[PDB]
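Here you get one chain, nothing else, as structure tokens; it is the form deposited in one PDB entry.
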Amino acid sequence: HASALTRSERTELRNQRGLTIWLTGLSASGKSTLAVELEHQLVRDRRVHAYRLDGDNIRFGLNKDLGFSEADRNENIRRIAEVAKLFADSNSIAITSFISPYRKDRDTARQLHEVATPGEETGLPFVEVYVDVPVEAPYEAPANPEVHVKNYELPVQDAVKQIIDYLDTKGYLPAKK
């Protein structure tokens, strides 16, 4: 009644942890396709609440006021990161493949997630997924992604299993059925 739901309670009641999965890679890497299949399997096959922050739903709605100066490019990433963090706070798995060529773009989102919230003394997981393709605004590959997917002749279903299995190694999901 008095004070709001704590992270323990919500996690307990929601039966899944909250986090953000950020798929990074070249525009042609197929990262967007993986995000879609990833959200689908998480919600359908694993029964959790997950949500893909789609580039265009974001641009046409929350970030419609933003253009293309460098400050606006940074602001787009900042708002999407704060929104992902809110989904993570609600014990949902936020997913995004929003354009972000530079390491500093993802590091900034990562840093906002690590910054604690009155929901604890801890931040929320940020899982950077490098969707790597044969190279066969200069994109900067991440230095240490939580997940590295070599998306060459790889069924999308296997690419996504790779991501989900990594989630299971951290205990972010409830066991399947």
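Rigid core here is just the name for the largest C-alpha set that superposes within 1.5 Å across the two forms. Numbering starts at 1 and runs along the sequence shown.
Just so you know, the form deposited in another entry exists too; it's not on screen, but the next bit is about it.
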Core-aligned CA displacement of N151 at least 2 Å between this form and the one not shown
no
If the two forms are fitted on the core, does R103 show a Cα displacement reaching 2 angstroms between this form and the one not shown?
no
With both forms fitted on the core, give yes or no for whether the Cα of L66 moves by 2 angstroms or more between this form and the one not shown.
yes
